[PDB]
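Take a look at the structure below.
A quick note on method: Cβ atoms are made from the backbone with ideal geometry, for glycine too, and the neighbour counts reach across all protein chains shown. Numbers and lists here come from the model and the stated rules, or from a named source; no laboratory instrument gave them.
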Ligand SMILES: Cc1cc2nc3c(=O)[nH]c(=O)nc-3n(C[C@H](O)[C@H](O)[C@H](O)COP(=O)(O)OP(=O)(O)OC[C@H]3O[C@@H](n4cnc5c(N)ncnc54)[C@H](O)[C@@H]3O)c2cc1C
Ligand SMILES: Cc1cc2nc3c(=O)[nH]c(=O)nc-3n(C[C@H](O)[C@H](O)[C@H](O)COP(=O)(O)OP(=O)(O)OC[C@H]3O[C@@H](n4cnc5c(N)ncnc54)[C@H](O)[C@@H]3O)c2cc1C
């Protein structure tokens, strides 16, 4: 009688309606799993609580990847962004990453609409306080209303809410976010099963009133024209560029002054709070600040670079010492949030818990910070939760093929000491894992899982085919050029390696060029970088070998000859899925890898 | 150092971004007062937490009045409403009242957008935990972040938040609303100043998934065509009707069954007037076999359905059972459970009809915190409190709305003169001038005050005056144009105006007698309504002549009731506590005897 009815039983239960939860719930539901997404306040689904932006150095590529796998974040920002630009634009297209300013309000509504109308997905406003487990297998969930719902798998994405404490000056206020409640009960479930629990703390700037800011002397920071898109599926379909002339808004730049730093001092690894970095870098005389609009209708301005947790009275003084903000009025005070986190090392690269079958974690609760890093994990967790529910085998993303894979690999293999951010990761395949080819690297898996339709993948296969045609064509079409006082014969493909664009080649030599925007650009990029991709691949050949060497899930590390005791210990807890992953465990020696390889018969 | 800077000093501080707070903050700001609107979550400004509707029996007229005074509610629902209709459409236009279904989401956004861009208005996301007083005069406000802001007046509209507790079965959860935090500290200020504090409790239904409901056999409930508008200012300007063909959505009807009722009885335990919770009205009306239920959409993008008539605070597992016993909902899935909220309330008897506190000058109260419940009742008080707060800030005298001229005035009068033992609702009030205070003439009754305060622009009022003049020209025209009619086998000479009381409409008079009619939509309809009801309005006015007499008799603010001869001791105790501003209001205090009123009239030299 405390048990919900048949009509209230699910395959997958996602705890959380944030960035991880949304991708997870949408992925599972779209794969056919009857999914329930629990949320503390149904009106906050999809809410952006920090920076009003999507994308960035590594973040932007992850979004592109989420979009390729069949997720929503990419489509959401394309439809609700108010500014788009490319970062690292002076060093070749391969190192670039897209970034956009979002209209927070429109973004939230967009995600709520897609979620509400998603077939097989049900939203439940209720606080989950416990997970029901039978023989290390997830079988249900309980809320603080004394009810229980049956489920086959659970994806936890409590974000910054679990036992959240808001910090402002010496005031401590319970909550998952400023002005919102926090969750509590679920933490007892984790202690009860002996899961390690740690607390992370991150801050956010105050929210400023646009009418009280003098922008007159500030430098304008505009978008790009034509602006890049995050989704391969939005209009223009099969392309990553918006039409030239798309309507965009501005951002403004200002800086801290020595007076700002003195105010902070009087009131006293990657610590972003202005207060922290003036102590970490006592010598920098000024710190850059980006004033960002929060939407087209709102007057709130997000001052990027001024996150703090100082008392509100001090916030007034420090914010008003910044040129342009002399008379600024705060709408929302800056603050810092501390919450519960379960160390990622408790998971396999499938995001599934080692202790309990059918339990997956994602987002800030998993030790990361950021919308994108959360959404990237969420889609994987959602995918695997559905698979589990269907009695199939969970998958994982190889770090040598996607940035989502790199992130997940570092979390579950290295663990975290502080919140993980995508820009701290080091991809050994940075030339292959680019912004322009997420679609080519992940679309197959996306279609395989059923997230992409037959039609979506058909477009991908076609373009991929067109691309290969032209590459083989330009590689067979030679041309004679006068290099100084001597004459040479080079193929068009090779000319791309010598500062020629396809447009240059057509203009000077009259050759033809792909008419499809994507094929046209992707061909140029692949030919220009072929030399480096091949060299990069050559250098990591040994990493590739290890990565392709699977380790039995039923492997008894105690029966392996030539493996130290301290090694069996680590290999016993991390439980690597491949020898390549096993070699990344901090502390394992090249010898151990050998013993293991020998034992595996290689 | 804990004190906010000069740039953070205000004339008026409104605590709350709800329905009372929005009208109060916008009114004061539009009147020129530097205004700060505090709220717990800036993203919840203008949020509708209960029924997704605006209007109804008395509520609809109050919206028309808010709009006539220069408020926003009217404009808001007109731009975000997805269904509009008139109630009591078979009993003459005088007893009709507008009602609309709102797209909750669009409505919230609309209010947030207007408030954010309103000049002189500043939004502050922060919890006010104390009000600073100097010689019984509001001087500032303090928040839970240890900071203070200077202000000259404060409007408190905590709604259902102050020490709010959510109820579901046996569970008690702190919160101002399901999924939202509650406020607490401010209650200390009131105990500290010895204010009386009571707790009211109201419930709301669950939110249902539209795709799990079978509407196949349910009665459809559409809007009207043409649909009525709430604002006189939205397009078509200077009119109360939308064009024919406006796109609207439907609502659906269902009923409870005997099985539904038996489900509630098995799960009800004993515990020590208007109790809308289905579970209460079946114990209060044991003989009713079925209860009507209106299934209404909450917006165009959302799949959430609001089951009007099924508010409850029963355990969630019991809710599943009762909701599923209702035809069409056999397999319904809840998105949000039903619950009841209990919050702090300061008895309205602590205020003058101006909504200002008798104990502290510059302090005003409005909305649920004031003892009422409903969006419209809150916004009605809000605009008044906002207006008076700004006036106070400027050193001018606060105003009040006479109950014989507006329904808002009726509400405020009843609240401050009768007090409340339960949440006050607009349909329970009784206007002795129900024929004068109509839905069609709110604009004619309140536009002058609206313009006088600065809420309406010169151009807005100019329109009202022009129409007001055309209306009068037409009435005098139809009053001098006689026609001949055959009352049986007899011939009579009647003025066109008289025919309006003999079942003739202006359209009938033109079609049959060929007379001209007004071309402006409002003039054309108001002339007809005014002529048709002139007889009753005059009779109503004659029957209340005495009431008008008493209401026009002002009572000095500093009268010493102890010095009035011929006044009982129990009568002086009521007069000293309620402190009526007119003899009319005084005669409305429960217990006051006709003799006591005479002694007072004599004392005032009458
Ligand atoms: C103060 C602050 C500072 C930040 N700083 C940074 C930064 O420096 N850099 C950066 O990139 N990003 C930052 N962020 C953004 C942050 O990473 C995201 O807000 C979010 O936490 C990430 O996505 P998520 O899915 O994990 O969680 P969230 O978006 O937070 O969502 C969690 C969801 O879980 C639900 N929930 C929690 N518990 C329960 C329960 N028991 N039952 C049901 N539902 C539950 C909540 O209702 C909520 O919808 C910051 C955010 C805040 C609030
Ligand atoms: C459970 C429930 C049952 C209901 N039942 C009915 C019904 O039967 N009939 C009907 O017509 N209507 C009903 N309603 C609707 C209700 O009348 C409105 O939701 C609202 O309370 C009325 O307007 P308001 O302005 O007074 O308050 P609200 O709209 O509730 O707003 C209050 C505002 O005050 C702010 N606040 C509170 N404390 C502080 C503080 N210390 N500092 C700063 N800000 C603060 C909050 O953030 C909030 O924005 C119900 C609502 C609920 C939640």
Suppose we filter the stretch A:432-473 for residues that are assigned to a loop (DSSP other than H, G, I, E, B), at negative phi and surrounded by fewer than 18 Cβ atoms within 10 Å (Cβ to Cβ); how many remain?
1
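Suppose we filter the stretch A:325-356 for residues that are assigned to a loop (DSSP other than H, G, I, E, B), out of contact with any helix residue (DSSP H, G or I) (no Cβ under 8 Å at 6 or more places or on another chain) and either within 16 Å of ligand 1 (Cβ to nearest atom) or within 14 Å of chain B (Cβ to nearest Cβ) (or both); how many remain? Don't jump to the end; show me each part of the working.
The initial filter retains those residues of the stretch A:325-356 that are assigned to a loop (DSSP other than H, G, I, E, B), namely A:325-329, A:333-334, A:342-343, A:348-351, A:354-356.
Okay, now just the ones that are also out of contact with any helix residue (DSSP H, G or I) (no Cβ under 8 Å at 6 or more places or on another chain), so A:326, A:343, A:356.
Retained after the next criterion (residues that are either within 16 Å of ligand 1 (Cβ to nearest atom) or within 14 Å of chain B (Cβ to nearest Cβ) (or both)): A:326, A:343.
Number satisfying all stated conditions: 2.
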Could you go through the stretch B:33-47 and let me know if any residue there is under 24 Å from residue B:396 (Cβ atoms), out of contact with any strand residue (DSSP E or B) (no Cβ under 8 Å at 6 or more places or on another chain) and away from chain A (no Cβ under 11 Å).
no
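Hey, among A:179, A:203, which residue is surrounded by 15 or more Cβ atoms within 10 Å (Cβ to Cβ) and within 16 Å of ligand 2 (Cβ to nearest atom)?
Being surrounded by 15 or more Cβ atoms within 10 Å (Cβ to Cβ) and within 16 Å of ligand 2 (Cβ to nearest atom) holds for just one of A:179, A:203, which is A:179.
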Quick one: is residue A:385 assigned to a helix (DSSP H, G or I), within 27 Å of residue A:274 (Cβ to Cβ) and within 16 Å of ligand 1 (Cβ to nearest atom)?
no
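Condition first: assigned to a loop (DSSP other than H, G, I, E, B) and within 19 Å of residue B:43 (Cα to Cα). Now tell me which residues in the stretch A:276-310 satisfy that. It would help to see each step written out before you state the result.
Filtering the stretch A:276-310 for residues assigned to a loop (DSSP other than H, G, I, E, B) gives A:281-287, A:294-299, A:305-310.
Answer for the stretch A:276-310, where residues must be assigned to a loop (DSSP other than H, G, I, E, B) and within 19 Å of residue B:43 (Cα to Cα): A:294, A:295, A:296, A:297, A:298, A:299.
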Condition first: assigned by CATH to the domain that holds residue A:46, surrounded by 22 or more Cβ atoms within 10 Å (Cβ to Cβ) and either assigned to a strand (DSSP E or B) or within 16 Å of ligand 2 (Cβ to nearest atom) (or both). Can you find one or more residues in the stretch A:189-198 that meet it?
no
Taking the stretch A:517-533 on its own, how many of its residues are loosely packed, with under 15 Cβ neighbours inside 10 Å and over 27 Å from the mean Cα position of the chain (by Cα)?
1
Somewhere in the stretch B:125-146, is a residue closer than 15 Å to residue B:10 by Cα, within 15 Å of ligand 2 (Cβ to nearest atom), in contact with a helix residue (DSSP H, G or I) (Cβ under 6 Å, 6 or more places away or on another chain) and assigned to a loop (DSSP other than H, G, I, E, B)?
no
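How about the stretch A:311-320: which of its residues are within 12 Å of another protein chain (Cβ to nearest Cβ) and either within 15 Å of residue A:251 (Cα to Cα) or not in a loop (DSSP other than H, G, I, E, B) (or both)? Lay out the reasoning, then the answer.
Narrowing the stretch A:311-320 to residues within 12 Å of another protein chain (Cβ to nearest Cβ): A:311-317, A:319-320.
Residues satisfying the conditions are A:312, A:313, A:314, A:315, A:316, A:317, A:319.
Which residue, of B:103, B:67, is within 14 Å of chain A (Cβ to nearest Cβ), over 30 Å from residue B:143 (Cα atoms) and surrounded by 24 or more Cβ atoms within 10 Å (Cβ to Cβ)?
Details: B:67 fails: within 14 Å of chain A (Cβ to nearest Cβ).
None of the others qualify; the one that does is B:103.
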Identify, from the list B:514, B:605, the residue that is surrounded by fewer than 12 Cβ atoms within 10 Å (Cβ to Cβ) and closer than 30 Å to residue B:242 by Cα.
B:514
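Hey, among A:152, A:171, A:134, A:124, which residue is surrounded by fewer than 18 Cβ atoms within 10 Å (Cβ to Cβ) and either more than 13 Å from chain B (Cβ to nearest Cβ) or within 9 Å of ligand 1 (Cβ to nearest atom) (or both)?
Details: A:152 fails: surrounded by fewer than 18 Cβ atoms within 10 Å (Cβ to Cβ); A:171 fails: either more than 13 Å from chain B (Cβ to nearest Cβ) or within 9 Å of ligand 1 (Cβ to nearest atom) (or both); A:124 fails: surrounded by fewer than 18 Cβ atoms within 10 Å (Cβ to Cβ).
Residue meeting the stated conditions: A:134.
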Checking residue B:75 against (1) under 30 Å from residue B:534 (Cβ atoms); (2) crowded, with 19+ Cβ neighbours inside 10 Å, which single condition isn't satisfied?
(1)
